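Chemist: Residue numbers (the entry's author numbering), protein chains in the order written: chain A, 824 to 867; chain B, 406 to 506; chain C, 778 to 971; chain D, 254 to 304; chain E, 604 to 647, 650 to 711, 715 to 753; chain F, 824 to 1009, 1038 to 1065; chain G, 679 to 775.
The beta carbon of each residue, even a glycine, is placed where N, CA and C say it ideally should be.
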Amino acid sequence: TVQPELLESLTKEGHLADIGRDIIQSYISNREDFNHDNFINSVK
Amino acid sequence: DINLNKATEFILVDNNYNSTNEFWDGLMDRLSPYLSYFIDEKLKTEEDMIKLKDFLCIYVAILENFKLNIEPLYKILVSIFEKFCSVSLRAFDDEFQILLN
Amino acid sequence: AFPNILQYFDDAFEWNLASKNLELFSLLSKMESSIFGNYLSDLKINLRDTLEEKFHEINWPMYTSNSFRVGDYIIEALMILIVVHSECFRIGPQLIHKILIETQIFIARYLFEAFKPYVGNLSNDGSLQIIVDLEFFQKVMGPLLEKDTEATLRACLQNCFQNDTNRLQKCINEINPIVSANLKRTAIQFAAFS
Amino acid sequence: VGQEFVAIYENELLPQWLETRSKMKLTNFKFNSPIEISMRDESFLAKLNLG
Amino acid sequence: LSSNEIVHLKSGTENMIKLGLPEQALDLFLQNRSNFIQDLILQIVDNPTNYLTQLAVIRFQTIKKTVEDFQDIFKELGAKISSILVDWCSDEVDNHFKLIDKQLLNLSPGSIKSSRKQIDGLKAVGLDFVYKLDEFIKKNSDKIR
Amino acid sequence: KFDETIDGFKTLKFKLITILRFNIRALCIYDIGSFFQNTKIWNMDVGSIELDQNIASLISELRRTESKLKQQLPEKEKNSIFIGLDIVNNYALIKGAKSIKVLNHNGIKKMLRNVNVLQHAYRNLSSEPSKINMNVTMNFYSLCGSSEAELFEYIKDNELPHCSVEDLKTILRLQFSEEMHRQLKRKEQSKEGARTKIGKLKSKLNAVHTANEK
Amino acid sequence: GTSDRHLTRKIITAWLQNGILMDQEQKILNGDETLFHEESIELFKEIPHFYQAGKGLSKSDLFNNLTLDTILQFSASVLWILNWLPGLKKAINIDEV
């Protein structure tokens, strides 16, 4: 549920690593829209 | 009485586990002691706040005789000195404006 | 190899010896002559650099205001003395620890004693007071060594001009207190030479 | 109890020494030098006293 | 080889003597005080005269305490073991001047007053080393002023 | 066994490579204490004492880093990685470090004294070798603190392996100019000595070592 | 740990040829005093041209350096491979013995 206010550390929780390693912020890349304006600013 | 280790029954790391312990209890209880020294800076008044640092910097110092005691030890007591700065600051000649009177 | 020769005279009724076989042992003698005379060379060579201390500005125009001692002549000397006797007294115990100790008191005493000559006029060049200082560092070498070494020591006590009166003798017998002051500071350093 | 023994030892005994010393050298204090010089009796703290 | 304290160090030292391995024992002990002083230097140049004064106080003060530890522990253990101590002493004094010269690389003589005062601090238990500093002055007389 | 010990050699160069990158990037990290150094001053801030605390941190963890690195590993690799990466990143650290701000004549002595301190630091790692980034970057940032265009022609006709001479010459140009460009205020300035550094941009700068273009 | 996910490991970003390749040429003796500021400033300032220093940075000093734990790790394993390569690279005893 990575919106523009709840995308970083709730995705960085304990079992929220069941979301992807670079797809934690892009955990809704499994959706139509991926993560609402720059999904991919974490792996770098 | 954690690091009395005939080491190690973990063995993880080879004498580096308690660093993670007082690390993390530094971390979680840091932000709680932050507001507990910030809110609660008013409830850390220019009285035994001197005895608060006097009962913290000794315990910041005789630590392991040190092991990773940084961010709590430096940052916290740093902000405590900022509190004694502001408290003595308004307690300074603003509180001696009777001499202005 | 002596007991290997006696037990090598077992079946072996040759005679047993014929110590012209022990020419080898004489060779060992020569090997022993090459051995310690190697190292007692270099230490003496290092003690040759002893003369870099006491010639340069020591017994010069020397007030020498009662530093008890200040004898860097004798200090660094006896230091490296106790360094060699330090690092070899365990395995080579009562080797030339003792023998090279005695020879070190010799080469010490002789290469010492021929420095007082050029300042035989006994105040050179300021040494009216440092008469008693060279008397003091002269007295420093009474740590634990032998008596003929002390004979050449007291021979070098009479070496300079005064150094001929008995006033020097009983005067240094009064100057014994500052030597006792050096005999507690410094004590524990050269206490190993006892 | 153990902590009160510890800060008892340091706060009661040790800072009394490193403020009692130095007294030879001004400041420079409460640090590596007084760590080095104190180092006295009643440094015997951490052997058994809470362990 | 691990304890920063005294009591185990004292104890297992005299237990190592109680085995009768005293020379190895002393050498390990001096190595522990070497590593000790070594790591004590790891708390900090910030600016020079302070830093030197600090440095001398650590090294010489610990050596002097180590001498009382020595005559303490090695009760009637003779001249020889003491000579090994003189080895370690002279080593560390040389290491001190090496750390002095180790930043001459750019002084004021109050530094030297600190040093010679504390070396006479070693003459409180009776060991001169001032002459090494005299030759240090001698061959290092550039920024002593 | 040659593929095997070959691969172990490859892990050796990878690992010691990683250590040298770690110390070097600790340095280039540490130079960002200048970013920001809280407005490295314009023409002065006198006084102007000391000492940019982050650089003292760099000296500190550099010193302890070499302490433990001398503890664990063997000597020759430590002298290697520390020697090359330390001196080179010191020099280019000063080089890119020149791109800062308006400049201070007292702060020339400040950052000069700091740079001399770090020269004493990497010197304290090793100085018997060619510790010349002391000389190069000291005379080069001092040459930035030098504001004589005649010296700008004179130096770099004799010295200064200063391959960033576009930005280096434009920076000492921006340093005599950085004294000029706030010599007054409004203007700050008329750029007349920078008309002499537009001409000297063509002359004291674009007579650039027979590639006369800077 | 690369698998970037989620880290700009600028050390590992600085593991890029020819800066890594000439860095192996700078690991050859290491470099044998051809410590090229060409090479060092080029590669070591190349990814670090991103700010560059600079000025006014967008750059390092706790932006993704290796921690002290990982430092003591890497120092440990490099001490291990150093102790390995003599002892285990010795016995090649030509050529199948």
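1. Thinking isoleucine 407 of chain B and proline 438 of chain B are a contact (beta carbons under 8 Å), I'd like their distance in whole angstroms, please.
2. Under the rule that 16 or more other beta-carbon atoms within 10 Å means buried, what is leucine 633 of chain E, buried or exposed?
3. Output yes if chain G places a C-beta closer than 7 Å to the C-beta of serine 865 of chain A; else output no.
4. Residues of chain E with CB closer than 7 Å to the CB of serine 883 of chain F, please, in chain order.
5. Can you list the residues of chain F that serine 681 of chain G reaches, using a CB-CB cut of under 7 Å?
6. So if I threshold CB-CB distances at 9 Å, which residues from the stretch 450-483 of chain B count as touching chain D?
7. Please list, in chain order, all residues of the same chain as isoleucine 884 of chain C whose beta carbon is under 7 Å from its beta carbon, the five residues on each side excluded.
8. Counting only Cβ pairs nearer than 9 Å, list the residues of chain A close to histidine 727 of chain G.
9. Our contact map puts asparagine 902 of chain F next to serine 718 of chain G with C-beta atoms below 8 Å; I'd like the distance itself, whole angstroms only.
10. If you compare alpha carbons, which of E:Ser722, E:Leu741 and E:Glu743 is closest to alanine 661 of chain E?
11. Classify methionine 934 of chain F: buried if its beta carbon has 16 or more other beta carbons within 10 angstroms, exposed otherwise.
12. Would you mind telling me which residues of chain D sit closer than 9 Å to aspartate 406 of chain B, beta carbon to beta carbon, in chain order?
13. Does the stretch 960-977 of chain F come close enough to the stretch 678-692 of chain E to have 3 or more Cβ pairs within less than 8 Å?
14. Only counting the same chain, and skipping five residues up and downstream in sequence, which positions put a Cβ closer than 7 Å to that of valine 869 of chain F?
15. Are the C-beta atoms of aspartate 845 of chain A and some chain G residue less than 7 Å apart?
16. With DSSP as the reference, identify every bridge partner of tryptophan 865 of chain F, one or two as the case may be.
17. Excluding the five sequence neighbours on either side, which residues of its own chain have a C-beta within less than 6 Å of the C-beta of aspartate 910 of chain C, listed in chain order?
18. Can you tell me whether DSSP reads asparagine 927 of chain F as helix, strand or coil?
19. Applying the 10 Å Cβ sphere with the 16-neighbour rule, what's the burial state of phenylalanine 963 of chain F?
20. Going along chain E, which residues have a C-beta under 9 Å from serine 971 of chain C?
21. Can you tell which of C:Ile965, C:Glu879 and C:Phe802 has the C-alpha that lies nearest to the C-alpha of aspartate 925 of chain C?
22. Of all the residues that make up the stretch 681-703 of chain G, which are near chain A by a beta-carbon distance shorter than 8 Å?
23. What residue ranges within the stretch 960-985 of chain F form continuous alpha helix (DSSP H) runs of no fewer than 4 residues, ordered along the chain?
24. Locate the alpha helix (DSSP H) running through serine 755 of chain G, then write down its first and last residues.
25. Judging by CA-CA distance, which residue of E:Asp736, E:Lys621, E:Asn700 and E:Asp750 is the nearest neighbour of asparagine 638 of chain E?
26. Under a three-way DSSP split, which group does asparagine 815 of chain C fall into?
27. Is there a Cβ of chain E sitting closer than 7 Å to that of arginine 936 of chain F, yes or no?
28. Quick one, which of F:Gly968, F:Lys932 and F:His985 has its alpha-carbon nearest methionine 1003 of chain F's?
29. Does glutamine 966 of chain C pass the burial test, meaning 16 or more other C-beta atoms within 10 Å, or should it be called exposed?
30. Is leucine 657 of chain E close to chain D, meaning its C-beta is less than 7 Å from at least one C-beta of that chain?
31. Please name the residues in the stretch 619-632 of chain E whose beta-carbon is closer than 9 Å to at least one beta-carbon of chain C, in chain order.
32. I want to see whether chain B comes within less than 7 Å of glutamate 272 of chain D, judged by CB atoms only; does it?
33. Cα separation between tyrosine 442 of chain B and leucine 468 of chain B?
34. Do three or more CB pairs link the stretch 891-898 of chain C to the stretch 918-932 of chain C at distances below 8 Å?
35. Any idea if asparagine 815 of chain C is buried or exposed, counting beta-carbon neighbours within 10 angstroms, 16 or more meaning buried?
36. Is it true that the stretch 881-898 of chain F meets the stretch 743-763 of chain G, where meeting means three or more beta-carbon pairs spaced less than 8 Å apart?
Modeler: On the basis of the coordinates in this document:
1. Not quite, the Cβ-Cβ distance comes to about 20 Å (not below 8 Å), so this is no contact.
2. Answer is buried; the Cβ neighbour count reaches 16.
3. Interface residue, yes.
4. Below the 7 Å Cβ cutoff, chain E contributes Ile647 as neighbours of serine 883 of chain F, in chain order.
5. Using a Cβ-Cβ cut-off of 7 Å, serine 681 of chain G is close to nothing in chain F; its nearest Cβ partner there is about 16 Å away.
6. Considering only beta carbons, the part of the stretch 450-483 of chain B lying closer than 9 Å to chain D consists of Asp459, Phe460, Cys462, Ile463, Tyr464, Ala466, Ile467 and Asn470, in chain order.
7. Closer than 7 Å at the Cβ level, and outside the excluded window around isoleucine 884 of chain C, lie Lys821 and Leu824.
8. Here the premise fails: no neighbours, minimum Cβ distance about 16 Å.
9. About 17 Å separates the beta carbons of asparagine 902 of chain F and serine 718 of chain G, which is beyond the 8 Å limit, so they are not a contact pair.
10. Scanning E:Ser722, E:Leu741 and E:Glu743 for the CA closest to the CA of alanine 661 of chain E turns up E:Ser722.
11. That one is buried.
12. Counting only Cβ-Cβ distances below 9 Å, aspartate 406 of chain B has contacts in chain D at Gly255, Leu303 and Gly304, in chain order.
13. When C-beta atoms of the stretch 960-977 of chain F are compared with those of the stretch 678-692 of chain E, fewer than three pairs fall below 8 Å, so the two segments do not count as touching.
14. Residues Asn929 of the same chain have their beta carbon placed closer than 7 Å to that of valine 869 of chain F, with the five preceding and five following residues left out of the count.
15. For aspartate 845 of chain A, the nearest beta carbon of chain G is closer than 7 Å to its own beta carbon.
16. Under the DSSP definition of a beta bridge, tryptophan 865 of chain F partners with F:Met867.
17. Beyond the five residues adjoining it in sequence on each side, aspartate 910 of chain C comes within less than 6 Å, by CB distance, of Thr841 in the same chain, given in chain order.
18. When secondary structure is reduced to three states using DSSP, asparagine 927 of chain F falls in the strand class.
19. Result: buried.
20. Per Cβ cutoff of 9 Å: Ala684.
21. Ranking C:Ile965, C:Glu879 and C:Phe802 by Cα distance to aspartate 925 of chain C puts C:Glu879 first.
22. Of all residues in the stretch 681-703 of chain G, the ones placed with a Cβ closer than 8 Å to any Cβ belonging to chain A are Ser681, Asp682, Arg683, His684, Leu685 and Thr686, in chain order.
23. Taking only runs of at least 4 residues, the alpha helix (DSSP H) segments lying wholly in the stretch 960-985 of chain F are 972-977.
24. Run containing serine 755 of chain G: 746-767, per the alpha helix (DSSP H) assignment.
25. The alpha carbon of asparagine 638 of chain E has as its nearest neighbour, out of E:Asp736, E:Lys621, E:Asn700 and E:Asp750, the alpha carbon of E:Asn700.
26. DSSP places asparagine 815 of chain C in the helix class (H, G or I) of the three-state scheme.
27. Nearest CB-CB separation between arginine 936 of chain F and chain E: not below the 7 Å threshold.
28. Out of F:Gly968, F:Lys932 and F:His985, the CA that lies nearest to the CA of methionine 1003 of chain F is found in F:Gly968.
29. Counting Cβ neighbours within 10 Å, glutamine 966 of chain C comes out buried, since at least 16 surround it.
30. No - not a single Cβ of chain D is within 7 Å of the one on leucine 657 of chain E.
31. With the criterion set as a beta carbon lying under 9 Å from some beta carbon of chain C, the members of the stretch 619-632 of chain E are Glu626, in sequence order.
32. Residue contact check for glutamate 272 of chain D against chain B: no CB pair falls below 7 Å.
33. About 21 Å.
34. A contact is defined here as three or more CB-CB pairs under 8 Å, and the stretch 891-898 of chain C fails this definition with respect to the stretch 918-932 of chain C.
35. It counts as exposed.
36. At 8 Å Cβ cutoff, the stretches touch.
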